[PDB]
Every structure is written in structure tokens, then in C-alpha cells.
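Asker: Any chance you can model this:
(one chain, ligands or ions: 2)
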Amino acid sequence: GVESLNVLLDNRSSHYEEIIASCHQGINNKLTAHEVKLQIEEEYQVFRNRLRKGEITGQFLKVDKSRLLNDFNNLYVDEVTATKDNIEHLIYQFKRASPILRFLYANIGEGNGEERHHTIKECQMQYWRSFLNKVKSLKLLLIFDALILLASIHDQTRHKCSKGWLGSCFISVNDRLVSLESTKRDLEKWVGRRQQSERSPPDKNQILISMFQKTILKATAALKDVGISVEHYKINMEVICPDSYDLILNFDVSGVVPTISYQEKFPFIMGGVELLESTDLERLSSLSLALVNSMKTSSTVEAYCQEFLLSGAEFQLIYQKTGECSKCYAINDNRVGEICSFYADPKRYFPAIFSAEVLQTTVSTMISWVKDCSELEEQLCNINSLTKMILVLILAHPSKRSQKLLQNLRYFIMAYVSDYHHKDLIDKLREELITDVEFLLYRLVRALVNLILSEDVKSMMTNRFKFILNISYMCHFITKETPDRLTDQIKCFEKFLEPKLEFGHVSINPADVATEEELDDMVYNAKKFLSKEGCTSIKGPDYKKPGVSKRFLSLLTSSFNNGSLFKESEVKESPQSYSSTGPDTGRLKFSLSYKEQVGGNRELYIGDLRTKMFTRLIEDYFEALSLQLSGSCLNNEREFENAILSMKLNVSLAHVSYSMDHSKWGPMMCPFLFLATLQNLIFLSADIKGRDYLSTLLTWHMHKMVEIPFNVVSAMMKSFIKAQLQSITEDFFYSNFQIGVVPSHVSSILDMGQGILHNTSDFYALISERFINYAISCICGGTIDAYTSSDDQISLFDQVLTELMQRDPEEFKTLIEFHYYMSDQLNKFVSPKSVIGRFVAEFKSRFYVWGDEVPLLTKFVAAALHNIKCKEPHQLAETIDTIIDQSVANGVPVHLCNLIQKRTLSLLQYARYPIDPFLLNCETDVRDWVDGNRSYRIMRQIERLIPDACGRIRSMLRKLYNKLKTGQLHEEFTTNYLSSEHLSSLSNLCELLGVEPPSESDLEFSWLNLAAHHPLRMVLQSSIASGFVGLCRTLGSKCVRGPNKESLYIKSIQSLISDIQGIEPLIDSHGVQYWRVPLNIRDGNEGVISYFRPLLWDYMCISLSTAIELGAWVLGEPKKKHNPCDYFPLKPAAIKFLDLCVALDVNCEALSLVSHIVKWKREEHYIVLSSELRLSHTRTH
Ligand SMILES: [Mg+2]
Ligand SMILES: [Zn+2]
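Answerer: Numbering: from 1, shown residues only. Ligands and ions are numbered 1, 2, ... in the order given. Please find the structure below.
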């Protein structure tokens, strides 16, 4: 489609020629392989001589550990008036630093007696509440309030229980907090007025009962329509008394009133609970569940309350506003009100709801790493306290500044174990802290760092490196959503506009028909961009300024044309006219947005369909050109494996390594650079017409327009109209408003699309790094390798430079300086987070050392925790299965993954959904992830459920597999078995061979399968909490499609099942349900036995499909100080059968064995702990 341009006209004026002239002005791309070394050596001599004097700065320092520690200590020394805290003071003032932290450690409910045993029995008030809440969801509210009050009175006058009141108020129906006396007066007035109306014989003590009977009759009539009975609710009709009006009109309750404080009052002790136990994570889970449930309340078109029980006592959480936004919460108790009041956010509190044994196991497995040390065995009780405190603090107060504070520790711990580092590093690990909890977090982190990385500890460096590198990945535990949306759109525009005001080129309104001023400005700025000088001048190099010099561009193009950079094997509606500024129907337009990240943020450009069509041509061209060469890893797949092998070898040999990053990659490149580079290359010497079309496309990209967001302009206009009757981004809008017209679009020469022109940037990086390495090898006597991903890079040195680093340090530092300068001379800026060393190597967030391996445990656990959505409950299981399968292959133990699976099953059980044996298997081991797949795990679960019935089936399957692998019967089977009855076929199938048929007592095992006629309805999120709320709301409305055409409930089906005294349920330990259904009642009732499916049929089918996919070992019979750092690499077990596979697929609506090969990808190689490969099962042939 690239050549399609030839169908258009050609209206190119004398503007398209000046750009080519400027890009061809003073560049010499015909030099020879002998005249470049002289220039390189002259530059090196001048630079070295000028640097030895003192007229150029060094930008690099040698690593000294004492200076690094003493600079990390007093990093915030203006507010923290201390130098060395004691751990006892920290543990003391940790449990008293907030209301939420005071509540998690107080001595609440000091006496738990029979009033704590009564909280398991269900009174009548809650039954009536549930019934009326159900009825309401299909004058009025007064009757419901009166019924609730009557139920409460009848519950109190029997066994003296008071659970549903708060002083004088009482939660009645919609979490409301209606008063008491007001209802009495309302009922009095209502009954009086009704009697005065009906008068012109009865009493006020019978009209109420009449209305009660009418209302309950209408309700029970409307509720029996859908199919739900009344026995499910277990309500007692005796709550209504013949004397009910004068029973209500005399009640008397007294207590303590609640309140909310919108601005030493704590009524409990402060430091009861310890830290070694697990008493606070459960309280946190309960409080978080209440805070998330507080988003269900309806708009009502006041006071709302939620309830939770910790240790048999009952607490209430009250609020005064509905919706999903920040509000003020208060915690109350029926003994004394107003325990505390805070200002939390309803979201951001998901990751700790049912996960209290996973976090304890995470801490316990992280601490066992540094346990063999001898310099740490005395103070091994403080590390536990500090780790647990950091975790709990991160979970209780989710902030955006703590995330960056914890993320910045990775670069410190990386620079601590290196040889050289950038001098401007400490100024980067400094973020603005505001509140009083972030300073406490910093002090805890500092105490732990100074405790672990001491000076008299020199035993095991790799374990401590792993430990410290794992405390910095605890920021993934918070969130990646945004606190406020109107501020990030301001920060994004600030980032967009800041670097374009220093260069001095900004166009306000292009008008889509450019004037002469814009063309002259473009020409002038294109000439200014190519006028950078350095190292042969008066001043010298001006670091961190956009531009390229003609000398190095000439050298690069000449060296590419010679053939010095190649390897050994590398040398073998439709518009009609177009100008140099765009098509006839307008220039290219883009819009701005941002993207969510852990840490900062990242811009995003969005275009319409025509520009998306036009950009793909350049993208494909440059991707093909980059594939022709070798060295890039952005889209290739063998290059990444080669890079990993080279990194492993380099680290094993103890050579030098250089891990780099480049800053401001996006907003510093430009399409003019790519144009000027492309115009000076000779490829093979029709194609020149392709080069012309490419130049035209890049010229179109050079004149694009970006649209300013609307909220920012509105905010600026309001701020101006307010302050009139302050930054560089403010004076722009101010001086534009002061003279009328307002800004809407922006155009300039100094920005490429972030995430748009990736592949051309990768190509440019490839060739530039090749040239730089060539020059460096030319000067000295050593060589270098390189691998790029368009903003990341690793460099592996050789033996010569490794020895030169220790024999002549000054020449090594001078070579590093020359590399930095020569790289800056080509529009590439090395970041202050790059390192040179011999202990570790890093590339694409992958770390490699010698003697151990570095798994990122906390990252995977955090990624697995909050990963749920509002989908069908049979697709979330596959997502969790895939995540856990990917995480086991890196070094996470399986006993920590079984707990995550149990957590997911508990999340599903809370929403009142039945659990079938086709969801998860929380009893696996190593061999179920290395050798088998999902189908093998489900087979193992079914074999665990019902043994003594899977042996004969396995023998029949073995004989059938032996008979089918030769071709004796391939059609006698797949035509009158897979399309017949399920139960009356297996008998004759096993009779056909010489095996005992399955017994009549094994064919009753069945399982319940909703969506047996049509898939259940889900659509009728912007956050995970809203996803969980919507999931809990959807399962419970209809979510069922009946046989002909209708909608049902999940409770009606279970009621109908209970209406038959011939079926049995059976539940396992984890909570898996399977039924026993006989074969005589199976007939006669055809309306509700339409949902059950037999088990042995699905078992046979799935087992045969797995035996066809994997080997023939799955049909056999099953049979059944170690330090935490001992790893071993493992590899998995690796037409005419595809028709049989597709046949066996559609006959079982349980799994999708063929989808796993189209959507998902396998794992290449595993690494596992050697202590878990001992305990395992083995299946032979
Ligand atoms: Mg890197
Ligand atoms: Zn009771």
C-alpha cells in the first residue's frame, strides 16, 4: 500500500527543496576507511588534553561505601532531627501514630463471654431485614420500619439480646439510621388521620394489623411468581401481636449517641497486641471489606451504617454520603460511641480482604533467606519486627509518595555493589514528603538498611542483596490508579510544554493552510538543530541540549557506507492532491493522554484512522530494515536468549558490565533527524521512488499538530478570571489571554510521538551504538558488545579492558569520559542511574549474579492479589491459573500458591456461587506445573474426589489407547459413541473389550451445570473495587437463561432440588460440591434434571484428550538442613489425530483444550527448588 501514493497529484512547491538542501549542506558521506581514524584520534587527543587540565567536568565517581551510607542517612536532614534511632522507641510510637493504627493494636473487647457465643445464632430481626430488603428490590417505608421494630421487640422479650441498635437509633432497611420517637409520632398521626377519614366502629389496634396482613399478602403473592418459596427465609409469623399499636407506642430505649468529628480521647489501651502473631491482619481485612462494601448504597432519590464483628464483639462503621469518592468515616460501638474518625478513600483497600495467611507466609519465607549468617544471629528478632511494620504500614496508608520512596531504593542498592557511578545520583533519590507517616516510613527503612548492610558483616552478600532488592518491590502492593484526575492532566501538559520553550519554537495556530512565517520558522529551526559544536571551540561541549553535529553525522554516514560496521556474514472522502505539508484534506492531528504506571506517568498520543493507516508504512519499512541486521531485541525472540546467555557467561567469568538507561528519549528525538540520516545512505549500489515516498511521509510527520486538552484550558481560564479581578506554563496562557485569542493547538520541530515511531528509533540506536563501539575499539585495544531495546542497553567488556581497569585506572576513566561525550554528541543522553561493575548485570528488569538467582517474589504475589474482574466465573480461574503457572517457573514455592488459590476460592464463595470441581485444584505440587498442564491438574482433582471408581476406567482407557495407536478401530468409535447417550454407552464400550464394565453404583455421581441451555448474562469498570461490587451484584439478579425463553434465579433452582427427597449433596474439605443422583428418579422428572452431568464421562473424555496431547504416562498408576537457596533447572516433557481432537472437544462443555494453544504461550524452561523435587508423584508408562 506504500506505492498507492502514485495515484495522487503532485503539488510540491519550492518549500520541499530547502529542507533537502539543508540536510545536504555540509555533510560528507563519501569518506574512506582510512580518513576517519585520523579524525577520531585528533578528537581523542584534544579531548584528553583538555580534560587533564580541568576545563571539562568528570560526571563519574568511584564507589565508596562509607560515603554512600553517610549520604543516604541524612538525606532529609531538615525535618528529621535525629541521626540514629532506637528500635524500642520506634515500636513504641508505631502503635500510636494514627486512628487506624490505634484501632489495630488496642485492647478491644477485653471480656469475651456468652455475649460472644450468642453472635452465631440468628435472631428474627435479621430474617425480617433480609426479607424486606429482597422485597424492596422489585406509606411504604413506614410499614417496613414498624415490622422491623416489632421483630426487634419480640426478639428482646424472649432471651434478652440487643444486636441491631446504636444508642436510641436502629438500622432498619437500606442501611438507614432512622430515629425511634419520630416513627412513633408518625404512626400515631397516620393511624389517627386514617381513622378520621374512614369514620365519616374499629379501633387503632386493628387497622395496623389489617395493613400488615394486606402488605404481607401482596408481598408473598409477588414473590411466589418468580419461583422462590417462603420456607427459605425461616421467618416466624408470631412477631405480630393482637395489641401492636399500644405495644409500639410505649417502648423505651436509652444509650450513647453516635457522632462524626469533621476536624487522649481513645477509650482503650494502646499497645496490647504483639507483632509476632497474626491478630492485626485479620482486623485490617474486616475493616477493608467494610470500606469496600460501603459503595453499594443507592442514591435514595441522613446516616448510613455497616457492621462487622472482630472477636465476637460488634462494631459499626457510619458515614454520611453515598457514591464513590473520599468521605469521612466514624467507628462506633454500642457500649461507647465515637471510637475514632478518619478520612479514607473507599477504593485502594482491595488487596487485603481475605489474604491474611499469604502475607504472613511471605514475610516468613523472606526472612528465612538471611538465617545462616553469624554476624546477624543476635539481632535477628528486630528484622522481623521491621519487615512486618513496613508491610502493615504500606497496606494501611496507601499513598502515592510512599510508592516512589520505596521504588527509589533499587538504584541505591544497585550502586552500592558497583565500581563507578554517576555523580548526580543522590539528588535523584529525593522525593517531596508531606504527612507525618511518610517520615516514619523513611525512618523504618533507614533503620533496616543500616542494620542489614553493616560494616562488620562480610559472610553472604548474595542473600542480603536479594533481601534488600525484595523490600524495594513492595510498592507494587499499593495501586496504579490515580488519586486525582485533574492534576495529572496538568502535569502531563507541563511535561509536554517545558522543553519546547527553551529551544525557542512554538506555533500557536497552524490554520491548516500554512503562511510564510511558519515555513520560514521551520527552515530556520531545521538549520539551528544541526549547528552543535564541541571540544574544538572556546567554551566546549554544552551538555544536555538537543542537536547533532555535522562532523559526527559525516563520520557515521561514511562508516556505514564503507562497510566497517558489518559483521563477517553480513557482507555476503479520498484526497487527490498532496503538498509538502500534508494531503489535500488537512494535516495530521493528534490528541494527548496519559497512562498509569507504578511510580510516575507516561504520555500517550492518539490519532484518527487515516494517520494510523499512513504510519504503518514507515513502521513496516524500518522494522524490515532492522530485521535485515542483527543485534536488536525489541521484536526479535532469539536475540533475547542470546543476550541472556552472554550475560550469564560474562557474570560467570567476572568481567566488567555496563548497565545503561537513556533519559528524555521521546521528547528529544525528531523526524528531521531520521530524514537527514536516511538521505545520506547508499543501500544497493524504482527504489529511489520508494525513498521519495518515505521522505514525503516523514515531511508530513514533521508538520503535525497536537490538540490541547479541555479541562486544562477551562481551569486556566477560571484561574485567570479569578486572580485578575504562576510558572512558565502559566505565563503562556496568561499572555495569550491578555491579548484575546486562546491556545488550542501546538506545533513544533522538537518532538516525536511517544510510542508512535518506535522501530525507526530502534534502528537509529542500533547503528549509532555500532559506530560508537567501533570508535572505542579503534582507540584502545579492546572490544565491546551491545544489545538495545530502543531505550535500554547492556554492554559486556573483554579481558583487555578488565585488566586495564586495575592496571591503569586513569586511562579507564578517560575512556568512560570519551564514551559519554561521544554519545552526547549524537543526541543520546546517559541517565544518572547507569552503573559499571563486576558483581551484577541487568537488562529489561532481569538480574543475574554468580552463585544464586534473583527471583522477584513480592512482585508476583502483588500481581496475583488484585487481578479480578467482572467476568464469567469460569474465565477468572484460567487467568489465575496462568499467572500462578508463570510465577512458579521463577522460584516461588508451591505452598505459597496454594494459599492464593484458596484466597480466590474464598472470594468466590463470599458472593454465593456454587463451586464445581472444574475451577481450581489447591493441592498441587511441582510435577503438576513442570510436566503437566491444566487438564492434568483437573484430572488429579477428580481422582482425589472419587477413588475406587477411576481404576477400571483407567484400565479400559489403557486398552483403548493400545488399540487405537495402530488403527484397529478409528471409525467404529468416533461415530456411534460421541453422538449417543452418555450413560448407556460406557457399559457396552467396556464390554467390547475384555474388561469388567463400570458398576451401577458408580454412575450416580453427577455435578450441577448452570448455563446448560445458554450462557449466563453478565452485561446488562475503571477500578477493581467496582469490578468486585458489580460481580457481587450481577450474580443474584437473574444471571440465568431458561429452556424456552425466560430468566431465573440461583435460589429457585436449589429450592427445586431440595423439593426432591432422592438426591444427595457431598462437600469435600476445601468446599467442592458433587451430587449423587439415582437412575430411577432420573426419569419422570424432566424439568430440573436437565442441568446435571455425569462425572465419569467427562473424566474419560478429558483423560483421553490429555493422553493424546501429552505422552502416554498419564494413563499409568500414581504412587507416592535443606537450605532455602538450592535451585535446579528443568525442562518440560516434549493430520490423523486432529480430527479426533476437534471431535472430542465440542462434546464436553467443561474446558477448551484447543484455545490454550491460540491465546496462550508455553513456558520455555523452569527453575525450581531442589528440596521440593524430592516429595512428588511419579507416573510410569
Ligand atoms: Mg537498563
Ligand atoms: Zn438473640
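Asker: tell me which parts of this structure are close to ligand 2?
Answerer: Those residues of the chain that sit near ligand 2, judged by Cβ under 5 Å from the ion, are 123, 161. For every residue, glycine as well, the C-beta is placed using N, CA and C.
Asker: what sits against the residue of the chain found nearest ligand 2?
Answerer: The chain approaches ligand 2 most closely through residue 161 (2.7 Å), counting by Cβ to the ion. In this structure, residue 161 makes contact with 118, 123, 155, judged by Cβ atoms under 8 Å, 6 or more residues apart in numbering.
Asker: who wins for most neighbours among those residues?
Answerer: Taking other Cβ atoms under 10 Å to define a neighbour, the member of the contacts of residue 161 with the most is residue 155, carrying 22 neighbours.
Asker: And residue 1000, how close does it get to residue 1080?
Answerer: Taking Cβ to Cβ, to the nearest Å as the measure, residue 1000 and residue 1080 are separated by 11 Å.
Asker: Looking at the two now, which is surrounded by more residues?
Answerer: Neighbour tally, residue 1000 and residue 1080, criterion other Cβ under 10 Å: the higher count belongs to residue 1000, 10 against 7.
Asker: Tell me the secondary structure at that one.
Answerer: Under DSSP: H, G, I helix; E, B strand; the rest coil, residue 1000 falls in the coil class.
Asker: Look up phi and psi at it.
Answerer: In this entry, residue 1000 is assigned phi and psi values of phi -70, psi -10 (degrees, to the nearest 10).
Asker: Can you tell me how far the closest residue to it other than its chain neighbours is from residue 996?
Answerer: With Cβ to Cβ, 6 or more residues apart in numbering as the criterion, residue 1000 has its nearest non-adjacent residue at 7.6 Å, and that residue is residue 1079. As for residue 1079, its distance to residue 996 is 19 Å (criterion: Cβ to Cβ).
Asker: In contact with the spatially most central residue of the chain, which residues are there?
Answerer: Computing the C-alpha centroid of the chain and ranking residues by Cα atoms, centre = their mean puts residue 863 first, at 5.4 Å. Shown in contact with residue 863 (Cβ under 8 Å, 6+ apart): 476, 883, 887.
Asker: Check which element follows the helix or strand harbouring it along the chain.
Answerer: Assigned by DSSP states H and E, residue 863 belongs to helix 857-865. Using DSSP H and E, the helix or strand that follows helix 857-865 in sequence is helix 876-888.
Asker: can you list the residues of this structure near ligand 1?
Answerer: Proximity of the chain to ligand 1 is assessed by Cβ under 5 Å from the ion, with 661, 792 identified as the residues in range.
Asker: Let me know the closest of the contacts of residue 863 to residue 254.
Answerer: Minimum distance to residue 254 across the contacts of residue 863 is 50.8 Å, recorded for residue 476 (Cβ to Cβ).
Asker: Might one say that the closest one is in contact with residue 859?
Answerer: Yes: under the criterion of Cβ atoms under 8 Å, residue 476 lies in contact with residue 859, with a separation of 5.3 Å.
Asker: tell me what the lengthiest helix in the chain is packed against?
Answerer: In terms of residue count, the longest helix belonging to the chain (DSSP state H) is helix 758-779. For helix 758-779, the helices and strands in contact under the criterion 3 or more Cβ pairs under 8 Å, 6 or more residues apart in numbering; DSSP states H and E are helix 35-53, helix 550-562, helix 609-628, helix 671-678, strand 787-788, helix 809-824.
Asker: Put together JSON lines for those, with mean neighbour count and distance to residue 237 on each row.
Answerer: As requested, the helices and strands packed on helix 758-779 are exported to JSON lines (neighbours: other Cβ atoms under 10 Å; distance: least, Cβ to Cβ, whole Å):
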{"stretch": "helix 35-53", "mean neighbour count": "14", "distance to residue 237": "97"}
{"stretch": "helix 550-562", "mean neighbour count": "20", "distance to residue 237": "92"}
{"stretch": "helix 609-628", "mean neighbour count": "16", "distance to residue 237": "66"}
{"stretch": "helix 671-678", "mean neighbour count": "22", "distance to residue 237": "80"}
{"stretch": "strand 787-788", "mean neighbour count": "24", "distance to residue 237": "78"}
{"stretch": "helix 809-824", "mean neighbour count": "18", "distance to residue 237": "86"}
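Asker: In a markdown table, list these along with distance to residue 275.
Answerer: A markdown table is the format used below for the helices and strands packed on helix 758-779 (distance: least, Cβ to Cβ, whole Å):
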| stretch | distance to residue 275 |
| --- | --- |
| helix 35-53 | 55 |
| helix 550-562 | 60 |
| helix 609-628 | 55 |
| helix 671-678 | 57 |
| strand 787-788 | 46 |
| helix 809-824 | 47 |
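Asker: These: which one's closest to residue 1088?
Answerer: When these are compared (using Cβ to Cβ), the closest one is helix 609-628, at 51.9 Å.
Asker: Can you give me the buried ones in the helix or strand following that closest one?
Answerer: Past helix 609-628, further along toward the C-terminus, the next helix or strand under DSSP H and E is helix 638-653. Buried residues in helix 638-653, defined by neighbour count with 16 or more other Cβ atoms under 10 Å: 639-640, 643-644, 646-647, 650-651.
Asker: domain parsing for the chain?
Answerer: As given by automatic domain parsing, the domain ranges for the chain are 2-50+485-567+576-708+744-824, 67-94+349-479+834-858, 109-267+295-342, 867-1169.
Asker: a markdown table for the ones you listed, including distance to residue 729?
Answerer: As requested, these are arranged in a markdown table below (distance: least, Cβ to Cβ, whole Å):
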| stretch | distance to residue 729 |
| --- | --- |
| domain 2-50+485-567+576-708+744-824 | 5 |
| domain 67-94+349-479+834-858 | 19 |
| domain 109-267+295-342 | 27 |
| domain 867-1169 | 28 |
